[PDB]
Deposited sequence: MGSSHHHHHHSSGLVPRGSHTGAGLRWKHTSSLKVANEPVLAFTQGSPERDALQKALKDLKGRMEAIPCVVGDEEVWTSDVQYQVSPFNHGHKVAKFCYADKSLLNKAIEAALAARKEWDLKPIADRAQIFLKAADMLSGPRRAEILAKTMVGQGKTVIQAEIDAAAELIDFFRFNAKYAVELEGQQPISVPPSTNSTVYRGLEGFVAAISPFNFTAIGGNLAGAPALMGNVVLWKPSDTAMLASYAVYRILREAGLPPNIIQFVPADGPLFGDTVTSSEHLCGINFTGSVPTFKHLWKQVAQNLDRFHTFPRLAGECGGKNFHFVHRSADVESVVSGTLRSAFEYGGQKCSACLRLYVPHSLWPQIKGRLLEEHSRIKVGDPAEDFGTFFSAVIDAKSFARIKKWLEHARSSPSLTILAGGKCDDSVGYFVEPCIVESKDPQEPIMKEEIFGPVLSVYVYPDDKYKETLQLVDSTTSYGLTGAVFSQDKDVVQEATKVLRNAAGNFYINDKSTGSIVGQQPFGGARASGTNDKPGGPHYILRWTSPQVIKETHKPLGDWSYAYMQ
């Protein structure tokens, strides 16, 4: 006849200022000192048991690679298998738990992050991942808190004669969540979202984000997350993927990272398709970005937007570099402003100097990669380094912000590189096509133009060149439920025959 309901109003988390004299600035400073010198030991967590293995690993500070910030271990097949079994034992009760109940866990956690644990979380992202205040704040705080509150909201709204009804069921089995280095929030969401939906998760956090990943983990457990819903199981990547794609109980993989790696996981699952009790759901986020500038663009905006986009977090928010496309008529003006501003950019230790724009790159393997695209860069006939190009790793993995002009339109870094292509003004329409036919798995893109019709046009053309598309600014859960309709009849059935048959 009539039902009660409850839904959920939520607001975006505020990005704090952190200005001199601010409560948040002092909180963070105290947070950072409480981390200086110290190093945390982080076990694998299966259920409520903290587990250590022979295979020990260290997370070091990127801008001070002599500082080991975390000691942790990799889980072995034995331990991963134990974690899987433990999770499955917990799954049916978890799934049956009303979503409001499960949402409340993620809401408490969001609130913990929002205030009391914000400094610790920001501090652990700065120190362990080399992020500046503003970068840690928009990721580990803002984004992550918002994921938690908004996911909770979508999940609760979802569950909001002859009587029909829908039931949103977790997937039957376990979800493997596999986090990337460059975001704290993404890791939290990779494990958090499937869990919210009544799933149990094996979470393999990124080795270069262990300290903060584990902070997020503990916060969720302190917020009420039962044991065995999310297993915290750092591990070797190949070992982990091999193990979980081999389990008959795999029902999903929630992945962020490279296209090759994903393809590989996909092929693994396909190879073992006959062993799974259910078809596994594979979610993978995998790339590129460009700034396309039209002759009408506002140069000041273009320059700051392009610098922020190219170099923030040392260009590690995107796999490749930022490709800049500048019309010839504006190039002289922009090249000057870029070079001027570039030399004003301060790269250093983000904990000590808040004036640091960006710090060191994430690790040694990463530093190596960047150096090779700097040696064998300063060679290529089509490339002239206009700025930067240096990099020293005696104290930390420090790379100078580098700017490069190319004369060749079609020439995976993860470093602070800005590539520039100067195009003739008359050939801008053909250059837009070049951007579209140049991007394989495009992440973001921006168009800069004061002409409204150039924008409308660029948007049509670049429709498949970026999943996030910005106009005059810098370019920077249903999968986990399975619906069951339940229809119910209240009157009896009558004859099996139909009228018309008589």
item: Missing CA stretches, deposited numbering from 1, N-terminus first; value: 1-25, 186-192, 319, 445-449, 515-540
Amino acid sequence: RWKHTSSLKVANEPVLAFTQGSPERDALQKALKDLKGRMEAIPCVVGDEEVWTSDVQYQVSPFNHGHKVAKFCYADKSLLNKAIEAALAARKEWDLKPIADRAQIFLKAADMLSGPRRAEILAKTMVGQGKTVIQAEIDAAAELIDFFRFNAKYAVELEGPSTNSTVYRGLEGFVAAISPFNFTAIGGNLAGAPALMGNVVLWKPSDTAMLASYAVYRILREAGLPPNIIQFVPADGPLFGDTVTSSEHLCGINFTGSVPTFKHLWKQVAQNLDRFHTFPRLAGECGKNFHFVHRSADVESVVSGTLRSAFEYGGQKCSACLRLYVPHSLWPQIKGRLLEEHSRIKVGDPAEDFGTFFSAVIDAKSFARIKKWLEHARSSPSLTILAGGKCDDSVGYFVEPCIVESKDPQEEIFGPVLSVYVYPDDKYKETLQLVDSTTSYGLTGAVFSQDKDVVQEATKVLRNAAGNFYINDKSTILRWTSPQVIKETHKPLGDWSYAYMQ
From here on, numbers count along this sequence of modelled residues.
property	result
Between the two ranges 112-120 and 334-342, the one averaging a larger CA B factor in the entry	334-342
288-296 versus 244-252 - greater average Cα B-factor per the deposited record	288-296
Residue with maximal Cα B-factor (values as given in the PDB entry) among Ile145, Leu202, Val347, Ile219	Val347
Highest recorded Cα temperature factor - choice among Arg378, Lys317, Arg102, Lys267	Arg378
Ranked C-alpha temperature factor of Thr166 among modelled chain residues, by third	lowest
Among modelled residues of the same chain, the CA temperature factor third for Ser440	highest
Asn182 - Cα temperature factor, lowest/middle/highest third of chain	middle
Third assignment of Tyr325 from its chain's C-alpha B-factors	middle
Chain thirds of CA B-factor: placement of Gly389	highest
